[PDB]
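See structure below.
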Amino acid sequence: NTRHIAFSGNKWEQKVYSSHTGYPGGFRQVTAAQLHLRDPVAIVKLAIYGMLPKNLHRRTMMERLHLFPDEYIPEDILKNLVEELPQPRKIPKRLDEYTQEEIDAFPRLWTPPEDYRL
Amino acid sequence: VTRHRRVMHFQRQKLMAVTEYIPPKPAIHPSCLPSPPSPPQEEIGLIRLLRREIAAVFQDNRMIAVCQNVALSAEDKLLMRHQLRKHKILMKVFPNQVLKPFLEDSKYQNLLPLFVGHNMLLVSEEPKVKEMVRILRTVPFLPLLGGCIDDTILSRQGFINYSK
Amino acid sequence: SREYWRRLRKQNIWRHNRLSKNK
Amino acid sequence: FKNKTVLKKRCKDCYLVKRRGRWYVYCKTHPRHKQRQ
Amino acid sequence: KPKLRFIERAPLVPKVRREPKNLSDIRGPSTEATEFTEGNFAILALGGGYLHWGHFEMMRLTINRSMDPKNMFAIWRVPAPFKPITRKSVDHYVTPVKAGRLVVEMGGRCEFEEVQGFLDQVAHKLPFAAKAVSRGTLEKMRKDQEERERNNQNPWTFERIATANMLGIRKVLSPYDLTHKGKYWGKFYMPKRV
Amino acid sequence: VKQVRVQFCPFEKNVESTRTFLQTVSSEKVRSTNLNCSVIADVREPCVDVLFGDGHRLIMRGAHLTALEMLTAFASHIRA
Amino acid sequence: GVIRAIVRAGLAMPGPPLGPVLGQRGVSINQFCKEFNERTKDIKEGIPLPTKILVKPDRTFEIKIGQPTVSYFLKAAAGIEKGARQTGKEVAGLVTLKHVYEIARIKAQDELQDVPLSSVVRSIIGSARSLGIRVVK
Amino acid sequence: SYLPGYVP
Amino acid sequence: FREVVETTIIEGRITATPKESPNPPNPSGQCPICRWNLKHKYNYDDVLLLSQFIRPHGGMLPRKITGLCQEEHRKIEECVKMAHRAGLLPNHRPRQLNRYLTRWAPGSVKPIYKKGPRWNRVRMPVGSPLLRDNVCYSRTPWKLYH
Amino acid sequence: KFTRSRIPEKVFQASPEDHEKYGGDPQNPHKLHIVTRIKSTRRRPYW
Amino acid sequence: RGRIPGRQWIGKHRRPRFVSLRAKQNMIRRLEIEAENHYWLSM
RNA sequence: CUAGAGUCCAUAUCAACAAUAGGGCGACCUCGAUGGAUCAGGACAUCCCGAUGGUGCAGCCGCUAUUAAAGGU
RNA sequence: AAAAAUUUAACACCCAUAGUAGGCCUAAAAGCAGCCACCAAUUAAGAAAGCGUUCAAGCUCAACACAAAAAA
Ligand code: FES
Ligand SMILES: [Mg+2]
Ligand SMILES: [Mg+2]
Ligand SMILES: [Zn+2]
């Protein structure tokens with residue numbers, strides 16, 4: 001589910017990823033939204049690369065990293081899994097997902113006027 | 001003494017940062033504390049002056065009528081006063097915000113619902129309803145709200161029933 | 001009295017008139 | 001439009017709004033009053 | 001005479017006699033012309049600087065045009081340009097100004113707001129920081145600043161350290177800071193600092 | 001717009017929404033546009049009636065209402 | 001419309017002061033110089049008069065007239081032909097209270113629909129204060 | 001039903 | 001509340017206004033939220049608190065009607081628009097990247113192309129500066145600029 | 001110019017607030033001192 | 001990009017420097033130590 | 001900043017006295033070997049081409065502003 | 001000893017008659033070309049604070065009511 005990652009704040013349209021092909025006039029800068037649309041797994045791949053140690057081992061370490069945009073995982077890869085790590089950020093609950101038990105548990109805070117159109 | 005802000009030494013910079021002012025912080029933001037009771041305001045000269053002439057108008061003259069001074073040009077208002085002046089009718093208007101207390105504590109509290117927005121008070125002696133309903137017959141957009149015929153509260157049809 | 005406050009109101013507009021000189 | 005770091009309303013009909021992360025002065029009676037910071 | 005007197009460019013008779021040394025006329029608080037004399041509204045110098053003749057003639061063309069002799073008057077508080085400036089090949093006189101100096105004084109049968117309207121416009125065009133000030137705003141500003149030292153919750157202040165040589169910090173502090181109290185730095189001055 | 005009529009008894013409550021309505025529509029500032037228009041006020045249940053020359057009818061009972069929406073609803077039907 | 005101004009009784013067709021001025025208003029130039037002359041001689045002529053002509057689209061003239069202005073009609077009673085210059089210390093006219101007692105009764109007809117008599121005398125004396133006259137007794 | 005220090 | 005109905009006949013009816021809870025823990029307060037000891041104990045995640053001050057279509061109630069703290073009404077305004085564009089209020093719609101803690105509108109921010117040096121580097125803000133006073137259970141203060 | 005420092009005599013007055021804060025008795029001053037250098041002598045004046 | 005004219009730590013246009021949280025924490029704890037020293041030297 | 005030009009009119013355009021920002025004399029390295037041709041890389045503070053506001057923009061021409069360096073000069 | 005902070009502009013609603021173009025100077029300049037005085041009708045209105053007219057006309061206000069950035 002690397003396609004469904006979330007950025008805090010406006011990092012989708014503020015953060016950019018600049019690369020150079022080496023030819024004259026070859027400087028290219030694209031934003032996170034453009035990169036994610038073009039490549040759903042590029043964001044996670046680049047984030048890990050910058051945090052890995054900057055030595056010859058980094059290339060070998062990335063060979064043990066596997067990314068998949070959607071819930072589909074290959075059968076061979078899924079067959080050798082051992083442990084599912086917990087998600088770091090707790091997913092906020094939408095307003096509709098709250099059940100009736102907790103909605104009425106939360107008390108009201110104000111008295112609405114009777115004759116207000118709303 | 002320079003013109004380029006005279007970049008500061010690191011040791012001096014730390015000294016200024018440590019010795020920065022710290023305002024005192026209350027335990028409870030005063031704004032969310034049961035506010036102190038509001039101080040009553042002194043009554044101005046106008047309020048006492050209007051009340052005594054409001055009382056004098058209310059007692060000296062028999063006819064007190066309720067109307068609304070709808071949006072009208074000054075010339076039309078002036079002639080409306082003139083057409084009332086031909087039959088010894090005098091026109092007086094008072095601020096409504098101050099009429100509310102003067103009416104509720106007296107016997108005439110039944111006229112509170114009439115006085116909400118713009119109001120016109122028609123005051124005359126020896127009332128004769130036939131003449132000024134004719135003057136309001138030629139003007140379709142000026143309605144008679146009500147009034148009292150010698151402390152007898154009546155609606156518009158009550159004024160009309162007295163006319164004939 | 002009534003004439004005292006009418007003069008007082010005349011002073012207030014006089015004050016506002018001066019305050020709008022540099023407006 | 002004209003670039004002005006400080007926006008001033010040159011008539012009573014100039015309405016000031018924030019559009020595209022930028023304060024704008026818009027006018028209809030006098031289109032020359034339009035401003036942009 | 002409710003108008004600004006003509007100010008000459010260069011002293012008619014050069015009187016270059018200097019009372020002390022140089023470069024010390026911009027740093028430190030002003031010692032003269034600090035209170036209000038025969039006036040109610042003035043402009044306060046929130047920092048040191050030099051006043052060139054163009055600034056003086058600037059005072060003329062922005063104050064007198066927005067002036068009425070009938071109900072308003074103004075006069076000079078800073079002296080005429082007497083300190084010259086040497087100019088080597090790749091001249092003119094200026095008035096030294098310290099922080100807290102009063103540049104011009106105004107008054108009459110008028111309120112602060114009307115005088116504020118044009119005074120602030122002039123205030124923003126001096127080389128140093130300045131702002132319009134009245135006989136009430138100045139004392140209010142001074143009392144507000146004085147209140148700061150009493151409600152301050154910081155146990156450590158500039159005077160408690162510089163005078164006592166707390167951290168051996170007088171090595172990096174000038175001897176002039178025993179009186180500047182850390183609120184003054186070069187030609188600048190920060191009222192916001194305690 | 002041909003004829004507008006207002007009917008209200010000021011002696012009860014909830015008549016203030018339509019009482020202030022008169023001070024806006026029954027003004028020469030807006031009546032000058034249609035000099036031949038008709039404005040009549042009779043006093044008896046607050047309610048106003050609006051008649052159009054095309055044949056459209058309008059009934060606006062401002063008991064549980066306010067003047068601001070009454071003014072806006074009047075403007076919407078001007079297009080018709 | 002309303003074009004309220006002052007009309008000189010002696011002059012009927014001033015020309016440039018009145019011809020081109022109301023030319024854009026769309027009024028009959030010759031209408032003024034015929035009927036106004038009859039209204040000129042009903043009372044003492046040679047005094048300025050107000051105007052009450054209302055301009056209608058159908059090109060009609062209805063001019064009302066009451067009492068003359070307050071400049072000449074007051075200054076003539078004090079025997080002064082030119083108004084004061086300083087108007088604060090310079091003064092050459094004197095009028096008594098009895099003099100005003102007949103100067104305000106006629107004026108209180110340009111409905112000036114005020115009922116009380118004090119409302120008329122107070123207005124002119126305030127106007128008289130601006131002019132260079134003295135109020136005697 | 002709620003103590004003075006209650007917090008929803 | 002009162003609703004208008006059009007069929008020309010129009011009408012207004014009153015239907016089942018909600019009621020305030022009868023026992024506020026901290027009385028003597030002129031404030032809806034600053035009466036339940038909730039001054040610095042809510043965030044953009046709390047939809048239940050935020051949903052009580054919004055129009056059905058996603059707007060905000062005026063201050064004079066709710067009587068909130070002047071500075072807190074700003075916080076409620078800022079928090080609600082954060083939740084609306086975070087997908088937390090899907091039923092209050094007007095008339096695809098998932099985000100959270102978004103201070104500004106997504107379609108009104110210019111991407112940074114030449115970030116500054118190590119001493120003058122432009123920062124991409126997260127959260128809101130109005131929530132500084134919110135309580136923190138970690139001694140590291142909120143990082144409002146990433 | 002950087003010279004020696006003349007510490008004001010007002011600094012060394014033990015107010016009653018400091019007495020119970022540090023636990024010292026003005027009536028019975030301590031007999032001896034314990035001194036421990038906790039800063040480098042380098043980057044400091046020769047005196 | 002990001003050149004500093006002259007040298008980094010000396011010159012008219014130096015590299016700007018700011019204090020940190022622990023930089024303050026170290027200064028106060030040193031100030032408190034002398035406050036103990038100031039009191040014990042007064043008897 | 002709004003004195004002053006622009007018939008009127010600060011702000012279509014121009015602009016005084018001033019103020020605030022940004023751009024690239026010293027002897028620190030080297031005393032033991034400028035023009036044109038050709039090829040051009042880059043910035044935009046845009047000469048031309050493009051999109052869009054204002055105008056003392058009727059239309060053609062113009063003036064001023066915003067954005068745009070893919071291409072040409 | 002030793003880790004930088006910081007994100008900035010909505011806003012009144014309604015209303016207006018009148019001694020009169022207040023006098024002087026001005027071709028005429030009226031609340032607003034300039035000057036001298038600045039009262040006063042009316043519930044409530046400056047002998048006028050701004051635009052506007054050759055000058056008038058026309059409008060609002062006052063009054064009653066309700067804090068920037070750009071180079072290879
Ligand atoms: S009193 Fe606390 S929210 Fe207003
Ligand atoms: Mg270098
Ligand atoms: Mg460009
Ligand atoms: Zn405009």
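Note: ideal-geometry Cβ built from the backbone for every residue, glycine included; neighbour counts use all protein chains shown. FYI, it's all coordinate maths here, none of it is from the lab.
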### Message
Given a 10 angstrom Cα cut-off, can you work out which residue in B:106, B:35, B:73 is the most mobile in a GNM of chain B?
### Response
B:35
### Message
Charges at C-beta only: +1 for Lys and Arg, -1 for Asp and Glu. How large is the resulting dipole of chain A about its Cα centre, in Debye rounded to 20?
### Response
1000
### Task
State the percent of C-alpha pairs, over all pairs in the protein assembly as shown, separated by a distance greater than 57 angstrom.
43
### Query
What Kirkwood hydrodynamic radius do you get for the range A:25-87 when you take the inverse of the mean 1/r over all pairs of distinct Cα atoms, in Å?
14.3
#### Entry: For residue B:146, distant residues with modelled amide H under 5 Å away
B:66
### Query
Among the trypsin sites (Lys or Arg not before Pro) within the range G:38-99, which fall in a DSSP loop and have no more than 15 other Cβ atoms within 10 Å of their own Cβ?
G:41, G:44, G:52, G:59, G:64, G:82, G:85, G:89
### the range G:5-95: chymotrypsin sites (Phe, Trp or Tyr not before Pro) falling in loop per DSSP and having at most 15 other Cβ within 10 Å
G:61
#### Entry: Cα centroid separation, the range B:36-62 to chain K (Å)
69
### Message
Quick check on the exposure proxy: order A:117, C:15 from fewest to most C-beta atoms within 10 angstrom.
### Response
C:15, A:117
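Which value, in Å to one decimal place, does the Kirkwood hydrodynamic radius take for chain J when every pair of different Cα atoms is included?
Details: mean 1/r = 0.0693 Å⁻¹.
It is 14.4 Å.
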### Query
For peptide J:14-20, how many partner chain Cβ atoms fall within 10 Å of a residue's Cβ, on average?
2
## Note on the structure
Cα-based Debye curve of chain A sampled at q = 0.13 Å⁻¹ gives log₁₀ I(q)/I(0) of -0.80
### Task
Would you please give the residues with an amide H less than 5 Å from that of residue E:130, counting only those at least 5 places away or on a separate chain, with H modeled from the backbone geometry?
E:46
### Query
For chain E, what value does the Rg/Rh ratio take when both radii are computed over Cα atoms and Rh is the Kirkwood radius, given to two decimals?
1.02
### Task
Using amide H atoms built 1.01 Å from N in the peptide plane, name the residues 5+ places from residue G:54, or on other chains, whose amide H lies under 5 Å from its own.
G:62
### Query
Under a GNM of chain A (C-alpha, springs under 10 Å), which listed residue has the highest mean-square fluctuation: A:53, A:92, A:40?
A:92
### Message
Residues of the range B:65-82 with backbone nitrogen within less than 15 Å of a virtual label 7 Å along the Cα-to-Cβ line of residue F:27, please, listed as ranges.
### Response
B:69-74
### Query
HN-Hα J couplings of the range I:35-43 from phi, Karplus 6.51/-1.76/1.60, θ = phi - 60°, integer Hz, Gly and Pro as x?
9, 10, 6, 10, 6, 10, 9, 7, 9
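Relative to the Cα centre, what is the charge dipole magnitude of the protein assembly as shown, using +1 at the beta carbon of each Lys and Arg, -1 at the beta carbon of each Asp and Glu, and rounding to the nearest 20 debye?
Approximately 6420 debye in magnitude.
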### Residue-averaged beta-carbon neighbours from other chains (10 angstrom radius) around I:109-115
6
### Query
Shielding of B:67-74 by partners, i.e. mean partner chain Cβ atoms within 10 Å per residue?
4
### Message
With only alpha-carbon pairs counted, each pair once and no self-pairs, how large is the Kirkwood hydrodynamic radius of the range E:1-101 in angstroms?
### Response
15.4
### Query
What percent does the relative contact order of chain A come to when contacts are Cα pairs within less than 8 Å and at least six residues apart?
22
### Cα pair distances of the range G:67-137 binned at 5 Å [whole percent]
3, 16, 29, 26, 15, 9, 2
### Task
Sorted from largest down, give the three principal axis spans of the alpha carbons of chain F, whole angstrom values.
34, 21, 20
### GNM top mover of A:44, A:82, A:16 - chain A, alpha-carbon springs below 10 Å
A:82
### Task
Mind checking the range B:52-160 for trypsin sites (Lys or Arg not before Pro) that DSSP puts in a loop (not H, G, I, E or B) and that have at most 12 other Cβ atoms within 10 Å?
B:86, B:88, B:107
### Query
Using a cut-off of 19 Å between alpha-carbon atoms, which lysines can reach residue B:100, once sequence neighbours fewer than 8 places away in the same chain are excluded?
B:92, F:13
### Message
With +1 assigned to the C-beta of every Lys and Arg and -1 to the C-beta of every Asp and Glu, and no other charges, what is the dipole magnitude of the range G:67-137 about the Cα centre in debye, to the nearest 20?
### Response
360
### Query
Using the Karplus equation 6.51 cos²θ - 1.76 cosθ + 1.60 (θ = phi - 60°), what ³J(HN,Hα) coupling, rounded to whole Hz, does each residue of the range G:48-64 give in order, writing x for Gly and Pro?
x, 10, x, 10, 9, 8, 10, 8, 10, x, 7, 6, 10, 10, 9, 10, 9
### Pairs beyond 29 Å (Cα-Cα), from E:1/E:131; D:28/I:81; C:23/E:3
D:28/I:81
### Summed side-chain charge close to residue E:103 - residues other than residue E:103 whose Cβ falls under 12 Å, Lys, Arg +1, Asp, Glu -1
+4
### Query
How large is ³J(HN,Hα), in whole Hz, for each residue of the range I:27-34 in order, when computed from phi with the Karplus curve 6.51 cos²θ - 1.76 cosθ + 1.60 and θ = phi - 60°, using x for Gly and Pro?
x, 6, x, 9, 8, x, 7, 7
